[PDB]
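Student: First the structure, then my questions, so here it is.
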Amino acid sequence: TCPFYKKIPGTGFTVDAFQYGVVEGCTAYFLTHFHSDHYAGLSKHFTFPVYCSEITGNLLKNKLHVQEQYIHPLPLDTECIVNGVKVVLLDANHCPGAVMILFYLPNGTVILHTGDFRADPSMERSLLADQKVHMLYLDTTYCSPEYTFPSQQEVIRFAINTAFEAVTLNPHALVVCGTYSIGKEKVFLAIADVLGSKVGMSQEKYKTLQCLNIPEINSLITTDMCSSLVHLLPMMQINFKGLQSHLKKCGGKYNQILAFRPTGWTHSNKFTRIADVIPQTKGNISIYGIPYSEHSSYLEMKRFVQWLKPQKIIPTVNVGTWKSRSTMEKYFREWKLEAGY
Ligand code: NI
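For the sequence shown, UniProt numbering assigns the number 700 to the initial residue and increments by one for each residue that follows.
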């Protein structure tokens, strides 16, 4: 049964609610992004209208085989009427195709559902600037002050400089980057650009990338592993055993691996600066954990919410424990007393 924080009151709508069977009263199912916890339940047998971005609708049709007649892609930054209700899709600064959804209820209430997002000051000049929001359905993944991490730009600078130094010292080093979902494509694309290489990957991953409307993508990726010195592998294989095994397969072209695991936050964030990050090493294999986040830090979250000034907040993440819920409610009240709304 569908939880309350996935239902939009005063409408026939749900958000990211595909694993509950037929939801009673739902006339349109919205999907914020193509991450498995959110699309869980969709398949070629789904027969209700799905509303989403163009990129998400490319992934539904090619990866999950949802039939075309049930996919309703909407342009971003554009007022659209869905089953009698005005909606707008906004870029969420998450993975490719990820959106926030603004719902203009027939009674005058305005609701923002962030989906998963990385808040940014650029959102203060979107179509959100133009009107009041009553209710905020908020991605609270990192809603505690211990969650700090650098900008995406600082993290990519570290990765490019690290990779370029290693391969210029040793032209026979291979770079490997872990993946298990869409998102974080800048990590492997930026490294391959500095090295003058395409990114090599499996046919299944190439297929997924080809759905993403990334400009000039045919110039940047390939399935021919032998022609590439940046390889993508499943995240599970980014360990000493999995990397040793991969280096065997390359036929003595390479004699060293430098590997990257983009994680979210890890507790080594509470002590170490990005500049000071060091790898784990075993013989000719080195593994870097790099804190590349596609969710808001605590400070970015707090800035967005204090700017928006919602009347009510509904968290969508960390809702399963009383301790989490009480922590989050305490910070919401702090923010509201400090800013004065
Ligand atoms: Ni996500």
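Every residue, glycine too, gets a C-beta built ideally from N, C-alpha and C.
Is the Cβ-Cβ distance between residue 889 and residue 898 less than 8 Å?
Tutor: The answer is no: Cβ separation not under 8 Å.
Student: Compute every distance between the C-beta of residue 751 and the non-hydrogen atoms of the ligand NI, then say whether any falls below 7 Å.
Tutor: No, since every heavy atom of the ligand NI falls outside the 7 Å radius drawn around the Cβ of residue 751.
Student: Do the segment 900-911 and the segment 752-770 meet, that is, are 3 or more Cβ pairs less than 8 Å apart?
Tutor: Result yes; three or more Cβ-Cβ pairs closer than 8 Å.
Student: Over what stretch of residues does the beta strand (DSSP E) that includes residue 955 continue unbroken?
Tutor: Residue 955 -> beta strand (DSSP E) spans 955-961.
Student: Could you tell me the distance, in whole angstroms, from the CA atom of residue 648 to the CA atom of residue 974?
Tutor: Because the chain here runs from 700 to 1040, residue 648 falls outside it and cannot be looked at.
Student: With hydrogens ignored, establish whether the beta-carbon of residue 815 is closer than 7 Å to any heavy atom of the ligand NI.
Tutor: Flag set: Cβ of residue 815 near the ligand NI.
Student: Just tell me which of 1006, 787, 855 has its CA closest to the CA of residue 883.
Tutor: Closest by alpha carbon: 855.
Student: Should residue 845 and residue 969 be called a contact, given that it needs their Cβ atoms to be closer than 8 Å?
Tutor: Cβ atoms of residue 845 and residue 969: closer than 8 Å.
Student: For residue 711, which option in 1036, 734, 783, 894 has the closest C-alpha, if you only look at C-alpha atoms?
Tutor: The candidate whose alpha carbon is nearest that of residue 711 is 783.
Student: Between the C-alpha atoms of residue 703 and residue 754, what's the straight-line distance to the nearest angstrom?
Tutor: The straight-line gap from Cα to Cα measures roughly 27 Å.
Student: Just mark residue 792 as buried or exposed, buried being the case when its beta carbon has 16 or more other beta carbons within 10 Å.
Tutor: Buried is the call here.
Student: Is residue 794 a contact residue of the ligand NI, with contact defined as CB to any heavy atom under 7 Å?
Tutor: True, at least one ligand heavy atom lies under 7 Å from that Cβ.
Student: Does the segment 763-781 come within contact of the segment 743-753, defined as at least 3 CB pairs closer than 8 Å?
Tutor: Cβ pair count under 8 Å is three or more, so yes.
Student: Using only the heavy atoms of the ligand NI, determine whether one of them is closer than 7 Å to the beta carbon of residue 732.
Tutor: Yes, the beta carbon of residue 732 sits closer than 7 Å to at least one heavy atom of the ligand NI.
Student: Quick one: residues in its chain with C-beta nearer than 6 Å to the C-beta of residue 1003, no 5 flanking neighbours on either side, listed in chain order?
Tutor: So the list reads 818, once near-sequence residues are dropped.
Student: Do residue 797 and residue 731 have their C-beta atoms within less than 8 Å of each other?
Tutor: Yes, these two residues count as a Cβ contact at 8 Å.
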